[PDB]
Peer 1: 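Got a structure for you, questions after.
If you read the sequence from its start, that first residue is 1, and numbering goes on from there. Order of listing sets the numbers, starting from 1, for every ligand and every atom in it. Hydrogens, waters and symmetry mates are skipped; everything else that's a heavy atom, side chains included, is used.
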Amino acid sequence: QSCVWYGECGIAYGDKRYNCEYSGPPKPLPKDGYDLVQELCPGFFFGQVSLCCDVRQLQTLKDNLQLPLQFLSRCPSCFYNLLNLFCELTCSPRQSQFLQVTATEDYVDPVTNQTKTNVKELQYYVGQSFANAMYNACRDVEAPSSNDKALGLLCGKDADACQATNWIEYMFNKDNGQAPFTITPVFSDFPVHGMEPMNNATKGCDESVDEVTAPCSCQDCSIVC
Ligand SMILES: C[C@H](CCCC(C)(C)O)[C@H]1CC[C@H]2[C@@H]3CC=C4C[C@@H](O)CC[C@]4(C)[C@H]3CC[C@]12C
Ligand SMILES: *[C@@H]1O[C@H](CO)[C@@H](O[C@@H]2O[C@H](CO)[C@@H](O)[C@H](O)[C@H]2NC(C)=O)[C@H](O)[C@H]1NC(C)=O
Ligand SMILES: *[C@@H]1O[C@H](CO)[C@@H](O)[C@H](O)[C@H]1NC(C)=O
């Protein structure tokens, strides 16, 4: 198991940070991050909780959830797969299987002058099936108190032009003013030059996320009607 990053480094733009390049093994998460990991990425919350992210990154992930929540909160299955796409990118102890750093630049600690390295861009190998299921679980979600589709607000285009792969490409493009840096997705259900795409199990909008979380409504999920 190997990482491509660990912890936050320099400012990209606005209040947004690059992560620090790191190619060692995952590290057990400090106990002070257990609430965050339980909340955001409970799939990782077992054993030594050895991850390729630190507490700062998890806090940043939480803070950035506002806009997806803004439009997708009412359909938990839809939001769940999206959260997992981000959890895997941020924290997976097997990052190196599906992430490849493609651009970097120096980070200098202002006090010590010790150099680290910003991960400026990377490529993320995303399962084709994963991407399609993530889209499928979200494509009927209505924007709250409207008759329009929520994806029209998260895709940088109208819902009739939004598709699984262009949705993920848009979200991952820093030109959107939310993503701190660009992640270039590659979609494949097959290995690609030795890379094993992230193809985590997904939940449909007709399924419960867990014992305390019901399926989505008919209004947001035509399957359950
Ligand atoms: C919340 C948005 C999605 C919605 C974007 C928009 C413009 C439609 O609202 C997503 C897209 C990219 C995501 C980040 C990817 C990488 C990281 C690095 C990790 O260390 C910390 C989490 C973070 C910042 C993700 C947060 C969620 C982001 C912005
Ligand atoms: C992505 O899928 C993997 C594989 O199913 C998940 O890792 C498993 O998580 C469960 C739940 O804690 C553990 O019981 C298994 O031991 C894990 N298996 C492996 C191979 O690590 C992972 O949780 C999923 N990712 C997220 C973010 O939910
Ligand atoms: C998802 O795909 C299923 C078939 O697997 C289909 O019934 C459904 O219309 C699709 N859309 C949604 C919103 O679930």
Peer 1: Going through the checks in order, is the disulfide bond (SG atoms under 2.5 Å apart) test met by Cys91 and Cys41?
Peer 2: CA-CA 9 Å; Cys91 295; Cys41 311; 5.0 Å; no
Peer 1: Quick one, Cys162 with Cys155, criterion disulfide bond (SG atoms under 2.5 Å apart). Give me CA distance, side-chain angles, the key distance, then yes/no.
Peer 2: CA-CA 6 Å; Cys162 194; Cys155 200; 2.1 Å; yes
Peer 1: Name the residues with a heavy atom less than 4.0 Å from ligand 2?
Peer 2: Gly43, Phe44, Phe46, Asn84, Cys87, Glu88, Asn200
Peer 1: Among protein heavy atoms, which sits nearest to atom 11 (C) of ligand 1, and what does the distance come to when rounded to 0.1 Å?
Peer 2: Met171 O, 3.1 Å
Peer 1: Evaluate the criterion disulfide bond (SG atoms under 2.5 Å apart) for residue pair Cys221 and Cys75; output intermediate values, then yes/no.
Peer 2: CA-CA 8 Å; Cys221 179; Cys75 181; 5.9 Å; no
Peer 1: Distance check, rounded to the nearest 0.5 Å: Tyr22 atom OH versus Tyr6 atom OH?
Peer 2: 8.0 Å
Peer 1: When you measure from the SG of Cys78 to the SG of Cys138, is the result less than 2.5 Å?
Peer 2: yes
Peer 1: At under 4.0 Å between heavy atoms, is it the side chain or the backbone of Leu67 that contacts ligand 1, or both, or neither?
Peer 2: side chain
Peer 1: Looking at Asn166, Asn173, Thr165, which one forms a side-chain hydrogen bond (donor to acceptor under 3.5 Å, both in side chains) with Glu169?
Peer 2: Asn173
Peer 1: For atom 21 (C) of ligand 1, which candidate among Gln57, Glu8, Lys16, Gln59 holds the nearest heavy atom?
Peer 2: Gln57
Peer 1: Using 0.5 Å steps for rounding, measure from the CG atom of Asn19 to the SG atom of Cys52.
Peer 2: 11.0 Å
Peer 1: Can you tell me which portion of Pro180 lies within the under-4.0 Å heavy-atom range of ligand 1? Options are side chain, backbone, both, or neither.
Peer 2: side chain
Peer 1: May I ask you to identify, for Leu65, whether its side chain, its backbone, both or neither come under 4.0 Å of ligand 1 on a heavy-atom basis?
Peer 2: neither
Peer 1: Just wondering, more than 12 heavy atoms not from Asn176 lying within 6.0 Å of its CG?
Peer 2: yes
Peer 1: Report yes if the distance between the aromatic ring centroids of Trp5 and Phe181 is under 6.0 Å, otherwise no.
Peer 2: yes
Peer 1: Working to the nearest 0.5 angstrom, can you tell me the gap between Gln95 CD and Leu122 CG?
Peer 2: 8.0 Å
Peer 1: Which is closest to atom 29 (C) of ligand 1 in terms of heavy atoms, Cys53, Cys91, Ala12, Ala179?
Peer 2: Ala179
Peer 1: State the atoms of ligand 1, each with its element, that fall below the 4.0 Å cut-off from a heavy-atom position in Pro68.
Peer 2: 1 (C)
Peer 1: What's the shortest distance from atom 1 (C) of ligand 1 to any protein heavy atom, and which residue and atom give it?
Peer 2: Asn64 O, 3.2 Å
Peer 1: Only heavy atoms of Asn19, strictly under 4.0 Å: list the atoms of ligand 1 that pass.
Peer 2: 18 (C), 19 (C), 20 (O)
Peer 1: Membership question, hydrophobic clusters at under 4.5 Å side-chain separation (ILVMFWY): are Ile223 and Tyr80 in the same one?
Peer 2: no
Peer 1: So, do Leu29 and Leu58 sit near enough that their side-chain heavy atoms are less than 4.5 Å apart?
Peer 2: yes
Peer 1: Please could you name the atoms of ligand 1 that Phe181 approaches to less than 4.0 Å, counting only its heavy atoms?
Peer 2: 16 (C), 18 (C)
Peer 1: Please list the nearest protein heavy atom to atom 2 (C) of ligand 1 with its residue and the distance rounded to 0.1 Å.
Peer 2: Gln178 CG, 4.2 Å
Peer 1: Run the numbers for me: atoms of ligand 1, each under 4.0 Å from some heavy atom of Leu89, listed by number.
Peer 2: 15 (C), 16 (C)
Peer 1: Heavy-atom contacts with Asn176 under 4.0 Å: which atoms of ligand 1 show up? List them by number with element.
Peer 2: 7 (C)
Peer 1: So, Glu39 and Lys62, do they make that salt bridge, N to O below 4.0 Å?
Peer 2: yes
Peer 1: Quick one: pull up CG in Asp54 and CG in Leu36 and give me the separation to the nearest 0.5 Å.
Peer 2: 10.5 Å
Peer 1: Give, for atom NZ of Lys116 and atom OH of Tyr18, the distance between the pair rounded to the nearest 0.5 Å.
Peer 2: 15.5 Å
Peer 1: Can we call the ring centroids of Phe172 and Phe86 under 6.0 Å apart?
Peer 2: yes
Peer 1: Would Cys218 and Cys225 count as a disulfide bond (SG atoms under 2.5 Å apart) here? Give the steps.
Peer 2: CA-CA 5 Å; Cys218 159; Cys225 304; 2.0 Å; yes
Peer 1: Just going by heavy-atom distances, which of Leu61, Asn173, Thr60 is nearest to atom 25 (C) of ligand 1?
Peer 2: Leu61
Peer 1: With the criterion set at N/O pairs under 3.5 Å, what does the list of contacts between the protein and ligand 3 look like, atom names and distances included?
Peer 2:
{"from": "ligand 3", "atom 1": "2 (O)", "to": "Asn136", "atom 2": "OD1", "distance (Å)": "3.4"}
{"from": "ligand 3", "atom 1": "2 (O)", "to": "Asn136", "atom 2": "ND2", "distance (Å)": "2.4"}
{"from": "ligand 3", "atom 1": "11 (N)", "to": "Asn136", "atom 2": "ND2", "distance (Å)": "2.7"}
{"from": "ligand 3", "atom 1": "14 (O)", "to": "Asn136", "atom 2": "O", "distance (Å)": "3.3"}
{"from": "ligand 3", "atom 1": "14 (O)", "to": "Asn136", "atom 2": "ND2", "distance (Å)": "3.4"}

Peer 1: Which part of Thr90 is near ligand 1, with near meaning a heavy atom under 4.0 Å away: side chain, backbone, both or neither?
Peer 2: side chain
Peer 1: Indicate whether atom 23 (C) of ligand 1 is within a distance of less than 4.0 angstrom of some protein heavy atom.
Peer 2: no
Peer 1: Distance to 0.1 Å, residue and atom name: give those for the protein heavy atom nearest to atom 13 (C) of ligand 1.
Peer 2: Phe86 CE2, 3.6 Å
Peer 1: From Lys120 NZ over to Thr102 OG1, what is the distance, rounded to the nearest 0.5 angstrom?
Peer 2: 11.0 Å
